[PDB]
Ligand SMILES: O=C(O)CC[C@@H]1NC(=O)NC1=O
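Single chain ahead, written as structure tokens, the form deposited without this ligand.
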């Protein structure tokens, strides 16, 4: 079996695009070579070495992927939240510094080393849940130096821990205080300085925008995308979360990897996404914490065949929950997804959302060897039972990482 590492007797939920549901197969032997799945052979065709690990029929799935997080940040909005729960009017909270700006001030003030130290434990929670690839965004700096410093912390995390990290420049998350009366000059700084400096330093894998009434207009959004294109950077966007400005269609035209939130996505946007092969990313935890009532158009997205990814949206003000599995559970409960859709949402579709559809998310020969051996019987459990370590083996790039 011409490869150096082999797992015997694994029951694979391949999650192959061409196989129904979970793509579950009879017991197999999984061999890896040079960080890639080198062979998948039915145990019945075999009858070890000795360093060949026998999983004794335990379930194996591709590593989990959560394609939309803001897990890098400093400060705490817990007290602000408490003031709100107590009845203190939002206006009062705001004038004293509450809101996203609060996170921005804390993050700007925090040193690169501090942000790294603050992010370590957050990533560790995802790791033990089975997350092998995580996407992390900037957007809490709102200055060239602070945006790039966040991207660097993200790069550091990937080097320091056994996990793949995709970085996303999200400088247009909000208009910084210094540009309050000049929203349009902030856009130019992004296009002519921040994106360029980020690209030159190889710090951004993609560019993202918060297209919203309390964010950036469709026009301002188009500006960024144009700049990202010039430096050969992939794009994506935060859209239709609170309102529909037509951002989803625009993103689709630019060949956006994906569009996130989608609470207010319309029929035309859906057609666009389906045609351009854009991934629709559902962020149920944010929907929950914000007590939103307008549900994303899941039914229409399904009818149109638009793949839906599921992610945690870990962030200080909107989704303070560091768990991808909780998000899967909420996608099912709040959005009506099936456990199988949720699973595909954190593997196959999440991979595509990050432009890694050819390298991750499925147990196919030739793709990266990122998989997990669980102690639970069926993959449906991954969306059901939450908060319990259940990994027996976590392999990234062909290597055991659990120890």
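Positions refer to the first chain, counted from 1.
The discussion below concerns the form deposited with this ligand bound, not included here.
**Q** Open vs blocked: this ligand (in the deposited bound form) superimposed by pocket C-alphas, blocked if 3 or more ligand atoms lie within 2.4 Å of a backbone or C-beta atom?
**A** Site status: open.
**Q** State the residue from 107, 241, 281, 132 whose non-hydrogen atoms include one within 4.5 Å of this ligand in the deposited bound form.
**A** Contact with this ligand in the deposited bound form is made by 241 alone.
**Q** Could you spot which one of 323, 318, 220, 249 gets a heavy atom to within 4.5 Å of this ligand in the deposited bound form?
**A** Checking each option against this ligand in the deposited bound form, the one that comes within 4.5 Å is 318.
**Q** Of these, 175 to 183, 233 to 241, 151 to 159, 81 to 89, which stretch puts a heavy atom within 4.5 angstroms of this ligand in the deposited bound form?
**A** After filtering at 4.5 Å, what remains is 233 to 241.
**Q** Is residue 216 a contact residue for this ligand in the deposited bound form, using a 4.5 Å heavy atom cut-off?
**A** Although this ligand is absent here, residue 216 would stay clear of it in the deposited bound form, with no heavy atoms inside 4.5 Å.
**Q** Can you check whether residue 348 is within 4.5 Å of this ligand in the deposited bound form, heavy atom basis?
**A** Outside the cut-off, so no.
**Q** Closest heavy atom of residue 147 to this ligand in the deposited bound form, within 4.5 Å or not?
**A** Outside the cut-off, so no.
**Q** Would residue 164 count as a contact of this ligand in the deposited bound form, using a 4.5 angstroms cut-off between non-hydrogen atoms?
**A** So residue 164 does not count as contacting this ligand.
**Q** Could you list which residues of 327 to 346 come within 4.5 Å of this ligand in the deposited bound form, counting heavy atoms only?
**A** If the 4.5 Å heavy-atom criterion is applied to this ligand in the deposited bound form, 327 to 346 yields nothing.
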